[PDB]
Amino acid sequence: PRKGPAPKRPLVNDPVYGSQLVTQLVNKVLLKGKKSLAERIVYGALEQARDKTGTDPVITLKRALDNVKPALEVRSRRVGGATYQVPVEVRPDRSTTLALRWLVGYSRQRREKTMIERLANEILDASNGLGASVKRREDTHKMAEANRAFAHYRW
Amino acid sequence: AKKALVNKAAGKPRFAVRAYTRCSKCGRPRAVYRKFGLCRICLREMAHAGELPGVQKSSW
Amino acid sequence: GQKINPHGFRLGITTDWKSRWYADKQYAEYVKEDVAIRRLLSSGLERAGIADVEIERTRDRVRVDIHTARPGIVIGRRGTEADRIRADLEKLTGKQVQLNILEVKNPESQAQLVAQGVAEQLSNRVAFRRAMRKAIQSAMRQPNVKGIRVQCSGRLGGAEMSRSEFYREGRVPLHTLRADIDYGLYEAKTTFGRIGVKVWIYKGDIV
Amino acid sequence: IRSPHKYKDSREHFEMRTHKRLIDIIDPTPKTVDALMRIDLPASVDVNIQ
RNA sequence: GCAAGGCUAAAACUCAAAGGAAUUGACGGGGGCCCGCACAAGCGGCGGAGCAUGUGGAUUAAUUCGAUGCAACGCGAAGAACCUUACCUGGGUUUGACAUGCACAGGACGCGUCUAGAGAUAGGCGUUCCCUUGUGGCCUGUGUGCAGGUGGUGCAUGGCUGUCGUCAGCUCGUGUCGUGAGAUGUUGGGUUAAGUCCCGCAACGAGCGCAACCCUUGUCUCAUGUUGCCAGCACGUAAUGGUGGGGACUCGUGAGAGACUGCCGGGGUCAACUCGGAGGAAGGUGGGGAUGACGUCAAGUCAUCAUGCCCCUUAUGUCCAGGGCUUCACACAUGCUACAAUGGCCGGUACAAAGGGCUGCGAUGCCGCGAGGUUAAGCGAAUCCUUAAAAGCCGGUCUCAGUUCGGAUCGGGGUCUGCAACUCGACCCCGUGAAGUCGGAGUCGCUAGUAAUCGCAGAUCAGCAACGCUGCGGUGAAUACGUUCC
Ligand SMILES: [Mg+2]
Ligand SMILES: [Mg+2]
Ligand SMILES: [Mg+2]
Ligand SMILES: [Mg+2]
Ligand SMILES: [Mg+2]
Ligand SMILES: [Mg+2]
Ligand SMILES: [Mg+2]
Ligand SMILES: [Mg+2]
Ligand SMILES: [Mg+2]
Ligand SMILES: [Mg+2]
Ligand SMILES: [Mg+2]
Ligand SMILES: [Mg+2]
Ligand SMILES: [Mg+2]
Ligand SMILES: [Mg+2]
Ligand SMILES: [Mg+2]
Ligand SMILES: [Mg+2]
Ligand SMILES: [Mg+2]
Ligand SMILES: [Mg+2]
Ligand SMILES: [Mg+2]
Ligand SMILES: [Mg+2]
Ligand SMILES: [Mg+2]
Ligand SMILES: [Mg+2]
Ligand SMILES: [Mg+2]
Ligand SMILES: [Mg+2]
Ligand SMILES: [Mg+2]
Ligand SMILES: [Mg+2]
Ligand SMILES: [Zn+2]
């Protein structure tokens, strides 16, 4: 806005898994106001995550996010008759947002049948550094680390 | 409207489904309410004028 | 145009309804003769200067309070027009009618009497700026008046192209709900068509 | 619609309220039931005696 | 003068101007500052499919007229089978469907039959009240003025409306400055959502706008107790607050209390005001509505009405029957349902709000697969009906396929409304099972109870092309660094 920053909304702790990271995942899965539907998908995929490791699922979730959080994004800027990308530093609570969007997004177009086994397989493949969500992490990094020459115009 | 059509709608037509309503002030064939007998236009001046009781502008 | 009616915007807050009845089923019945009484009075008694017409109806008994600036004219020679129009007001509704032609205390602090008096002068080939300043200066002489606006629009002296002119004295706060703003509209019957005369009178806030 | 022609998106809202009250269950004494209906109510008040 | 060219220097002809300084505005790919879903950051779309609806063009006997960048295009139209209807073909009519005034002659009218598609024409009949005793009303005849016209001009107009823009502006009185148009006030310093306010000054005041006053929602107090509520009494059958009854709780609706930078801390000329607290249902405009200054666009409307001119009067008036307004090589626009598994289908079960009801709402029972039929209780309604909300939840099945996705088109059989459903109504049953696998260049809305999604109601209305429009509640997000760019 013209008049400075807006207050951001607090997320209440998730009752089944006592963490605000789970309730920040259910709002990315949420479509059309189906929040009790969106929580059955997230809870159901996290129960399937411990059925393939035995480990606690939110520890697997935080290992899955740490492999897909970007550190450098590649925002665009025009100067004269040419454009380029400036590598800028991702503030941390944007990197939480931008990584939860990649896990939900790249697993909606994944090859399984239901959304529970699509979301759970993307979490397990990201907590090992294998999935397509991990692939966009280094594609975001290789794009931004190919443009260090333009890191001197940071607004 | 045309003055023949205002008198025709007042009388008793053949084939009673053939009847309809007009505005009691200007004789307009469309947008006539049944509670008032008036069109959308003649309702709007008469409500601002306070000439029909109970009706005023609503805000909520 | 752009400005709302000043009477409907303050209806139920400052000003008050003109028709005073109740009708759960006979509503369009009552409206259809409400718009027939007001045609008969406005076309035939225009020399008297009708301020307004109030119609309250109590179970087959309709009472008509008609206000005027000149109460002695419509009665005439001891009821030669008063009970005449009362006879045509019973041939209209088919019901016994109480009729009251009352008074206007000051017919210069009264819009719809100020606006009718200007358009009567506009139908006399009077210069329109001369007719508008007489109505304003006679209204600010009234005690409880804090403002008046008079607007005339039309062809304004037989000119080819139509235009609009207004004068004002005092203050006319049209956006104020607590204000007591009187309002009148009348239509001059000139030889070049029609000229609309509008009068806004401000008479203090609220009592 | 406000306009007399072609302006659909400009509108008015008129209402019509109706107030109801006094469901009183008084004693039908024959002295009272005369004086129940002697008073002149205003023109804007309806009454039923049921 | 080597040349390029320099110097001296006319006229015919043509125009009624060409100029100079300053003024107010508008504009700039000038400058400063500032705002807005303007961009960014996000979320869901549109442009592709099928259908619905409006429009262009075409067609037609007619496809009535109006709207045409934003600000025309699910607009006038809050309901085109007849009616509506203004259009076309054909059949009638002509002081007329309607109003009065003047002149000669006396019941209008009503029911019923026949003819005709109807309009009307006729065989009939009932018939003059009123003092048609003069005098009243009325009637057609007969004319006369006239009536009538959705015929023209919105660029003669009133009225009403859009729009820039709900942007923060637009002006005036007196004084002063300038020959003058004009200027000042309204500039400058801050500050505000704001020409909001403070401080300065040849300005001092004032008005219309802004804010406030009104409605709605958010908390509480007092009054209130039915048709609404059920804490504790008694009945509870049938568990249907059903009953006696209770004034506690909600609710209904009257009257009021409450929010003002009022209090605290820091900053600021001690000012305006700003940042952060405390208390409170709520905190700096608490949320939303109502509200459109001076004017712009020769904007829209002569088809709501009104009106000045102009035209028609055996017709451009008016009645009626059929037809059209619904056509279809195409093009655009606004929507709906989709392309499925965050889904389809089947069984079970939970929670709303605001509305409507007498030419009605139809509970219950009964018949039908079903739309519906029938019977009839209760109810002009906080009472009865509308009224089962749908998403949601739990269980089962399908298993990624042009399919148990989609539901167009077509075949058959029906119901209801209405004089009448062919042109051209909606709904139901059975059969049929098209395109469509997420949409090119492009483009739209949205900053919070919003977006997205889910139902319900109303107006107009016999029925309805209702997927529209105006409302109502359910579930309920993601983002906003920022001001460089559009
Ligand atoms: Mg009809
Ligand atoms: Mg110059
Ligand atoms: Mg500029
Ligand atoms: Mg906004
Ligand atoms: Mg964007
Ligand atoms: Mg399409
Ligand atoms: Mg057209
Ligand atoms: Mg629209
Ligand atoms: Mg038709
Ligand atoms: Mg115009
Ligand atoms: Mg200014
Ligand atoms: Mg100035
Ligand atoms: Mg001010
Ligand atoms: Mg205001
Ligand atoms: Mg024009
Ligand atoms: Mg036009
Ligand atoms: Mg005309
Ligand atoms: Mg016809
Ligand atoms: Mg059409
Ligand atoms: Mg299916
Ligand atoms: Mg079900
Ligand atoms: Mg059955
Ligand atoms: Mg299920
Ligand atoms: Mg195909
Ligand atoms: Mg598929
Ligand atoms: Mg209907
Ligand atoms: Zn009307």
Side-chain angles (χ1 to χ4, degrees), chain A residues 1-6 8-9 27-38 40-41 75 77-79 88 91 94 97 101 108 113-116 155, chain B residues 1-9 11 13-23 25-35 39-42 44-45 57-60, chain C residues 1-4 9-10 12-14 24-25 147 149 153-155 159-162 168 170-179 185 187-196 205-206, chain D residues 1-11 13 19-21 23 25:
Chain A
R2 303 286 186 187
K3 293 182 173 70
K8 68 184 295 295
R9 300 178 186 272
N27 292 321
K28 301 293 188 292
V29 179
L30 173 58
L31 292 172
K32 298 180 289 294
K34 300 283 189 66
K35 190 172 182 178
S36 65
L37 173 66
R40 286 190 285 114
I41 294 171
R75 298 183 69 191
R77 176 170 168 83
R78 185 175 181 86
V79 174
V88 292
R91 64 180 182 177
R94 179 174 171 84
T97 295
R101 190 185 298 164
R108 285 175 179 170
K113 297 296 180 70
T114 66
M115 190 65 205
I116 291 172
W155 289 356
Chain B
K2 288 163 69 173
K3 192 173 175 66
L5 300 179
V6 179
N7 292 319
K8 186 188 264 79
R14 179 70 269 170
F15 294 151
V17 70
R18 199 183 290 267
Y20 61 96
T21 59
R22 288 182 183 269
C23 182
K25 184 175 171 65
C26 73
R28 179 179 164 92
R30 297 181 187 273
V32 181
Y33 291 165
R34 298 189 298 176
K35 175 72 172 181
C39 69
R40 63 179 176 92
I41 297 173
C42 293
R44 184 170 176 263
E45 284 98 12
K57 288 181 66 173
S58 67
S59 297
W60 66 95
Chain C
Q2 297 173 359
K3 295 178 177 65
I4 51 178
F9 181 62
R10 291 171 180 86
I13 300 168
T14 298
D24 52 356
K25 186 182 262 78
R149 179 174 176 171
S153 67
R155 290 180 68 186
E160 185 75 27
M161 184 177 288
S162 177
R168 61 99 183 169
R171 62 186 300 270
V172 182
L174 294 177
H175 280 269
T176 301
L177 283 162
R178 77 170 66 246
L185 173 60
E187 191 180 3
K189 294 175 69 67
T190 184
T191 179
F192 289 96
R194 292 291 179 267
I195 293 171
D205 284 329
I206 187 168
Chain D
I1 301 169
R2 288 186 176 179
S3 180
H5 194 265
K6 71 170 274 283
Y7 294 112
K8 185 70 174 295
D9 290 328
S10 181
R11 290 175 176 272
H13 287 92
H19 299 89
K20 293 183 258 74
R21 201 160 291 111
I23 313 300
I25 312 103

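Reckoned from all heavy atoms, side chains included, excluding hydrogens, waters and symmetry mates. Chain letters run A, B, ... following the sequence lines, proteins first, then strands; residues in each count from 1.
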Distance below 4.0 Å between D:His13 side-chain N/O and E:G471 OP1 or OP2: yes
Sugar-phosphate only, base, or nothing, as touched by C:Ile4 at under 4.0 Å among non-hydrogen atoms: sugar-phosphate
Selected nucleotide, minimal atom distance to C:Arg178 side chain, candidates E:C213, E:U483, E:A448: E:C213
A:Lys35 side-chain N/O to E:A477 phosphate OP1/OP2 under 4.0 Å: yes
Length of the line joining C:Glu160:CD and E:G308:P, which is rounded to integer Å: 16 Å
Side-chain N,O (C:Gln2) to OP1/OP2 (E:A293) below 4.0 Å: yes
B:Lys2 side chain, from C-beta outward: closest of E:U157, E:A86, E:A293: E:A86
Nearest to side-chain heavy atoms of A:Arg94, which nucleotide of E:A41, E:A97, E:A212: E:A41
Touch class at under 4.0 angstrom, heavy-atom based, for C:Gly147 against every strand present: nothing
Touch class at under 4.0 angstrom, heavy-atom based, for B:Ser58 against every strand present: nothing
Touch class at under 4.0 angstrom, heavy-atom based, for A:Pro5 against every strand present: sugar-phosphate
Sugar-phosphate only, base, or nothing, as touched by D:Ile23 at under 4.0 Å among non-hydrogen atoms: base
Face-to-face contact B:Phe15 to E:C419 six-ring, under 5.5 Å, under 30°: yes
Sugar-phosphate, base or nothing in reach of B:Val32, heavy atoms under 4.0 Å: sugar-phosphate
Side chain of C:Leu174 - closest among E:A382, E:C305, E:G209: E:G209
A:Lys34 side-chain N/O to E:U475 phosphate OP1/OP2 under 4.0 Å: no
Sugar of E:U243, sorted north or south by the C1'-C2'-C3'-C4' dihedral sign: north
Presence of A:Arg40 side-chain N/O under 4.0 Å of E:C393 phosphate oxygens OP1/OP2: yes
E:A341 and E:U163 base-paired, Watson-Crick or G-U, both contacts under 3.5 Å: no
Touch class at under 4.0 angstrom, heavy-atom based, for A:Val88 against every strand present: nothing
Polar side-chain contact B:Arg14-E:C419 base: donor and acceptor under 3.5 Å: no
Sugar-phosphate only, base, or nothing, as touched by C:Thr191 at under 4.0 Å among non-hydrogen atoms: sugar-phosphate
Touch class at under 4.0 angstrom, heavy-atom based, for C:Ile13 against every strand present: sugar-phosphate
OP1 or OP2 of E:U291 under 4.0 Å from side-chain N/O of B:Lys57: yes
Selected nucleotide, minimal atom distance to A:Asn27 side chain, candidates E:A478, E:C319, E:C305: E:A478
Sugar-phosphate only, base, or nothing, as touched by C:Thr176 at under 4.0 Å among non-hydrogen atoms: base
Sugar-phosphate only, base, or nothing, as touched by B:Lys25 at under 4.0 Å among non-hydrogen atoms: nothing
Phosphate OP1/OP2 of E:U85: any B:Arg22 side-chain N/O under 4.0 Å: yes
Touch class at under 4.0 angstrom, heavy-atom based, for A:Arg9 against every strand present: base
B:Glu45 (side chain) and E:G159 (base): donor-acceptor pair under 3.5 Å: no
Per C:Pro173 side chain, nearest of listed nucleotides E:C208, E:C214, E:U150: E:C208
Wobble or Watson-Crick pair present, E:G252 with E:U224, both under 3.5 Å: yes
Polar side-chain contact B:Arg18-E:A420 base: donor and acceptor under 3.5 Å: no
Whole-Å gap separating P (E:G308) and CZ (C:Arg194): 6 Å
Below 4.0 Å: OP1/OP2 of E:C208 and any side-chain N or O of C:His175: no
Atom-to-atom span, CH2 of B:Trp60 to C1' of E:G471 - whole angstrom: 7 Å
Base-pairing mate for E:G347 - Watson-Crick or G-U, with both contacts under 3.5 Å: E:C394
Any N/O donor-acceptor pair, C:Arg171 side-chain to E:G207 base, under 3.5 Å: no
E:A303 and E:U153 as Watson-Crick or wobble pair, distances under 3.5 Å: no
Furanose pucker, E:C37, classified by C1'-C2'-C3'-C4': south
From A:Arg94 atom CZ to A:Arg101 atom CZ, the distance as rounded to the nearest 0.5 Å: 6.5 Å
Residue-phosphate contact under 4.0 Å: A:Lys113 side-chain N/O, E:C400 OP1/OP2: yes
E:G158 OP1/OP2 closer than 4.0 Å to side-chain N/O of C:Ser162: yes
Residue B:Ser59, side-chain atoms from C-beta onward, closest of E:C215, E:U150, E:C358: E:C215
hbond_proxy B:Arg40 side chain to E:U304 base (donor-acceptor, 3.5 Å cutoff): no
Sugar-phosphate only, base, or nothing, as touched by D:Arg11 at under 4.0 Å among non-hydrogen atoms: base
Presence of D:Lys6 side-chain N/O under 4.0 Å of E:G66 phosphate oxygens OP1/OP2: no
Any D:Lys8 side-chain N or O less than 4.0 Å from OP1/OP2 of E:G76: yes
Any D:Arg2 side-chain nitrogen or oxygen under 4.0 Å from OP1 or OP2 of E:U291: yes
Side-chain N or O of B:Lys8 closer than 4.0 Å to phosphate OP1/OP2 of E:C320: yes
